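K.L.:
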Amino acid sequence: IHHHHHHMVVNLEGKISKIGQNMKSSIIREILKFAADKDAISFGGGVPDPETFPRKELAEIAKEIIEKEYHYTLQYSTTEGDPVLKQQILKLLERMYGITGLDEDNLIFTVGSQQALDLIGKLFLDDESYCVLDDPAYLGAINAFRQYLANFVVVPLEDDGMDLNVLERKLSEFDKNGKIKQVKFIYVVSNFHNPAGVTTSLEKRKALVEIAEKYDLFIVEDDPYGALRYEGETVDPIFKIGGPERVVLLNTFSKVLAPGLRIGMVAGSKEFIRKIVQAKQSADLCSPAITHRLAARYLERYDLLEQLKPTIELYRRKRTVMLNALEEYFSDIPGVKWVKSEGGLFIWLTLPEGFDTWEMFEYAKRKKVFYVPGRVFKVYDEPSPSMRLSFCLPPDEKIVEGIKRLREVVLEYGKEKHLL
Amino acid sequence: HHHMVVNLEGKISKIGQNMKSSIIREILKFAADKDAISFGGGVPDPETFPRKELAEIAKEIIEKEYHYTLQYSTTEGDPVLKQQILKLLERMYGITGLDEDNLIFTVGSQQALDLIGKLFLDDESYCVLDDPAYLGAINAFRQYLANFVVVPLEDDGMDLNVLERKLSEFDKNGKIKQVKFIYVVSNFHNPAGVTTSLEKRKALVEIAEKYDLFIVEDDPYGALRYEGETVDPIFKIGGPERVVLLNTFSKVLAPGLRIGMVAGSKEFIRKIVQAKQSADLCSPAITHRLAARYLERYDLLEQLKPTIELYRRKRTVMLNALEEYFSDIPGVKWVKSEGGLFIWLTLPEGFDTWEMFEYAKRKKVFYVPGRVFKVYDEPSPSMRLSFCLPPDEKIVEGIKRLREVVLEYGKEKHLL
Ligand SMILES: *Cc1c(COP(=O)(O)O)cnc(C)c1O
Ligand SMILES: *Cc1c(COP(=O)(O)O)cnc(C)c1O
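Sequence lines, in order, name chains A and B. Residue numbers for the first sequence follow our numbering, beginning at 163 and rising by one. Residue numbers for the second sequence follow our numbering, beginning at 2 and rising by one.
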């Protein structure tokens, strides 16, 4: 009534920065909205099983540290992070990976490894910069980086890691056009990739360090899942191979302790870490001291690597159930393939050419079986015949039943499209 | 060679280049020494925290509510907490008419400042703030290459004559679209201690409406009032279409929870959700649910009373000591704060509280030099003092130390 206000809205939308205009929302929650319905079976999870968390122990420690250590735990803390937790982290890295030679100034804690990704983006990426990552890649990293108007150099991922031939070709092109200064870093997930379940070979790890050196790049090694190994041996981290001069290591408590703590660990050069401290201080002053000290006391009192063993046994069992069900129900469709993940939370399944797992998702919802369509993990959002599956949450019998439902989905959709 | 350090510095973005570290950590490095007395703190006294109440609740929500507290949560924040905030806003300020989609929780009010800056500021944008201003806002905004319209702060708030003159100049040069918002701290200013009068609050809303700006009202301290009556928030006057309201649990419950409350229009909040999700996915559910069950179970406004008695006592001891020990020094003034954590003191013309800091360090007495709160880093005769942490006897001893410093420096400068 000449009061079409919304105009106030267009004025606000008018005030939004370029970063603001280039922000993306994850659609995962929307599409998994009904995934917990009674007769639904969901493989769309990206999370650990909460039934595995040491809740009684964390609860007792939480009370104790608030009551007795409140001068630390309820008060503002340093941006640099809890030095008691730092001691425990330095110990874990040495016990887990044989990483040695670091001190407290090589580390900082973030609000998840997500904040680390966001702050690395903020400090290093702009509309004139490039970052190198996989196809497929972790969604959090794509969204954290793309908001800063970054350009991407996308390299296809193979069963043993990134295709280093493609990587070298692309980098060579940048060099020949005198644009290699615009390329900043390579983002990798070296153990049990999200979404691909792939583990980067030692030889490709070493080769990545060499390529980074040649083109004066650093490497951001995101490693949420390394402790969750079901077979084989732990591979040296890229961080151990290149050192903090060349590599930033991101670990998290999300997958091995509790997402709710929101604790990411960043290890790097003292110069790099000083810059993350500056960025984090303007971003949130500090992390909640409550979370840091809780984790720190837990780790002092319980050996995480030991306490993980029954959780590893459980996830291994479930991984094997899914891989067996895949072999039983997906072995007669030519062109189907999947990564036989040796750790972590995911199996990445790829259907034959022509299959579009986004288009197919309607048939899946109709059968109440859920996965993450592969397009979600593509920087440029093109159609995908792949999907991410997680075996972590459903009970064994539902893993088998869910995989049978997916077969039915594939057959229905495949036949409607004259692919089968 | 070690100068791939140079390569890394070459890789850093413009935002990364325009980033200011806080100096306060550096200047207060030795302020916890044995014989030292510090007025430099900007933090509450941990001896006032409801540590027993919070500890019990923490155990309960981790053990019994773990599906919520130990798992990822929504970026939007805990709805249980949101229902308590809606109640509190009404009981504290008489604010009504909001729902959950007008709220989000951030990792302190600091993250809210950072996300507002990210979303609204860039090298072609301006925001309006006070001289002096809160350092956390200065640093959160400057990182995004923002230009500042700085307005002198008077004892009852911003000089609005200056504000309207400067915005008029923008408007006359057709640049008013580049001005995004006005940042204010309406109760018990950090660092100034001042409270904006209701008249200036209403006028601020009019100006913002006239020039199509929004107002970011940062209010950490409103509940720590030692005398007088609570004033209507700017948010209550302009509403969510015009104003974003920032509250925090830091000064009234516990800084270590890292909980800022942001209230605004549903469109604004949705953009904040989008920005937060890429920044950190979500805040720790443990912190939110802890605060929620605390507020359900204990009346914060009642639990604050002994805290207010303590702080008010210390405040008066400091003012009384300033009276005793600065009475005979012409030109010195200070804000007789009625709330919050700070007294803002100004020395005579010619005194430079940065220069003078070396004499203070020598007497082992600490303050925050006023230049820290100045966007353009020019010399200041002022300093921020806090009365929260030192025991009463050290408040007196410390103010006497400060007198001796002012006299030592002033004599050397031939100002006294
Ligand atoms: C799960 C995951 C994360 C977890 O992020 P947090 O913020 O630490 O909880 C980070 N990176 C990758 C590759 C992941 O899969
Ligand atoms: C104390 C203070 C803050 C509180 O910061 P948090 O990040 O919520 O802990 C914010 N704004 C002002 C003006 C302050 O004085």
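Note that CB positions come from ideal geometry on N, CA and C, so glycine has one too.
Classify B:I183 as buried or exposed, calling it buried when 16 or more other Cβ atoms lie within 10 Å of its own Cβ.
P.N.:
B:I183 is buried by the Cβ-count criterion.
K.L.:
Identify the residues that DSSP records as bridge partners of B:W345: which are they?
P.N.:
For B:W345, which the question treats as bridged, DSSP gives the partners B:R385.
K.L.:
Please list the segments of the alpha helix (DSSP H) lying wholly inside the segment 253–308 of chain A, counting only runs of 4 or more residues, in order along the chain.
P.N.:
Within the segment 253–308 of chain A, the complete alpha helix (DSSP H) runs of at least 4 residues are 274–286 and 301–308.
K.L.:
Closest Cβ-Cβ distance between B:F121 and chain A: below 7 Å?
P.N.:
Closer than 7 Å: yes.
K.L.:
In the DSSP output, which residue or residues are listed as bridge partners for A:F347?
P.N.:
Answer by DSSP bridge pairing, in chain order: A:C293 and A:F380.
K.L.:
Our contact map puts A:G243 next to A:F271 with C-beta atoms below 8 Å; I'd like the distance itself, whole angstroms only.
P.N.:
The pair is a contact, with the Cβ atoms about 4 Å apart (cut-off 8 Å).
K.L.:
If we call anything under 7 Å between Cβ atoms a contact, is B:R294 one with B:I63?
P.N.:
No, they are not a contact pair.
K.L.:
To the nearest whole angstrom, what separates the beta carbons of B:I86 and B:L104, a pair I think is in contact under 8 Å?
P.N.:
Indeed they touch by this definition, with Cβ atoms about 6 Å apart.
K.L.:
Below 8 Å, how does it come out for the segment 195–213 of chain A and the segment 43–56 of chain B: are there three or more Cβ pairs, yes or no?
P.N.:
Counting Cβ pairs under 8 Å, fewer than three are found: no touch.
K.L.:
What residues does ligand 1 have around it, judged by CB closer than 5 Å to any heavy atom, in chain order?
P.N.:
The filter returns A:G274, A:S275, A:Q276, A:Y300, A:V351, A:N356, A:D384, A:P386, A:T414, A:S416 and A:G426, in chain order.
K.L.:
Compare the Cα-Cα distances from A:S291 to each of B:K15, B:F31 and B:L164 and report the closest residue.
P.N.:
Of the listed residues, the one whose Cα sits closest to A:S291 is B:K15.
K.L.:
Of the residues that make up the segment 200–226 of chain B, which ones have a beta carbon closer than 8 Å to any beta carbon in chain A?
P.N.:
Taking 8 Å as the Cβ-Cβ cut-off against chain A, the residues of the segment 200–226 of chain B that qualify are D213 and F215.
K.L.:
Compute the Euclidean distance between the alpha carbons of A:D199 and A:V531, then round it to the nearest angstrom.
P.N.:
Their Cα atoms are separated by approximately 10 Å.
K.L.:
Please check if any C-beta of chain A sits within less than 7 Å of the C-beta of B:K12.
P.N.:
Judged by the 7 Å Cβ criterion, B:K12 is in contact with chain A.
K.L.:
Can you name, in chain order, every residue of its own chain whose Cβ lies under 7 Å from the Cβ of B:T70, other than the five neighbours on each side?
P.N.:
Cβ neighbours of B:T70 beyond the five flanking positions: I62, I63, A286, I287 and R290.
K.L.:
Distance check for A:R478 and A:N486, CA to CA, integer angstroms please.
P.N.:
Cα to Cα, the separation comes out at about 12 Å.
K.L.:
Please list the terminal residues of the continuous beta strand (DSSP E) segment that includes B:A264.
P.N.:
Run containing B:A264: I260 to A264, per the beta strand (DSSP E) assignment.
K.L.:
Can you pull the chain A residues whose beta carbon is under 8 Å from the beta carbon of residue 418 of chain B, in chain order?
P.N.:
Since the first and last residues shown for chain B are 2 and 417, residue 418 of chain B lies out of range.
K.L.:
If you compare alpha carbons, which of A:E365, A:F380, A:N353 and A:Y575 is closest to A:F517?
P.N.:
A:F517 has its Cα closest to that of A:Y575, out of A:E365, A:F380, A:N353 and A:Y575.
K.L.:
Assuming A:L319 and A:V294 are in contact, meaning their beta carbons sit under 8 Å apart, how far apart are those beta carbons, in whole angstroms?
P.N.:
About 12 Å separates the two Cβ atoms, so there is no contact after all.
K.L.:
According to the Cβ coordinates, are B:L416 and B:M384 closer than 7 Å?
P.N.:
Cβ distance not < 7 Å, so B:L416 and B:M384 don't count as in contact.
K.L.:
Check B:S23 in the structure and name its three-state DSSP category.
P.N.:
Residue state, collapsed to three classes: coil.
K.L.:
Strictly below 8 Å CB to CB, what residues from chain A border B:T288?
P.N.:
Per Cβ cutoff of 8 Å: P450, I452 and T453.
K.L.:
Output yes or no for whether 7 Å exceeds the beta carbon distance between A:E393 and A:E504.
P.N.:
Going by C-beta atoms, A:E393 is nearer than 7 Å to A:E504.
K.L.:
Run through chain A and tell me which residues come within less than 7 Å of B:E268, C-beta to C-beta.
P.N.:
In chain order: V171 and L174.
K.L.:
Out of curiosity, what's the CA-to-CA distance linking A:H169 and B:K178?
P.N.:
Answer to the nearest angstrom: the Cα atoms are 14 Å apart.
K.L.:
Ligand 2 heavy atoms versus the CB of A:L447: any closer than 6 Å?
P.N.:
A:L447 Cβ: within cutoff of ligand 2.
K.L.:
Any residues in the segment 408–427 of chain A with a beta carbon nearer than 7 Å to a beta carbon of chain B? Which ones, in chain order?
P.N.:
Answer in chain order: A420, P421, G422, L423 and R424.
K.L.:
Against B:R52, what residues of chain A qualify as contacts under a CB-to-CB distance less than 8 Å, listed in chain order?
P.N.:
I228, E229, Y232 and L236, listed in chain order.
K.L.:
Looking at chain B, which residues of the segment 296–317 of chain A have a Cβ within less than 8 Å of any of its Cβ atoms?
P.N.:
Result list: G302, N305, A306, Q309 and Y310.
K.L.:
Strictly under 7 Å for the Cβ-Cβ distance: is A:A202 near chain B by that measure?
P.N.:
Not closer than 7 Å to any Cβ of chain B, the Cβ of A:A202 fails to qualify, so no.
K.L.:
Does any residue of chain A have a CB that is nearer than 7 Å to the CB of B:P382?
P.N.:
By this cut-off, B:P382 is not an interface position.
K.L.:
Give the straight-line distance between the Cα atoms of B:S22 and A:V328, rounded to the nearest whole angstrom.
P.N.:
One C-alpha to the other measures close to 40 Å.
K.L.:
With a threshold of 7 Å between beta-carbons, can A:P245 be considered close to chain B, or not?
P.N.:
With 7 Å as the cut-off, A:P245 does not count as an interface residue toward chain B.
K.L.:
For the beta strand (DSSP E) that contains A:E320, what are its first and last residues?
P.N.:
Start and end: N313 to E320.
K.L.:
Give me, in chain order, the residues of the same chain whose beta-carbon lies closer than 7 Å to that of A:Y491; leave out the 5 immediate sequence neighbours on both sides.
P.N.:
Answer for A:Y491: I565, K566 and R569, listed in chain order.
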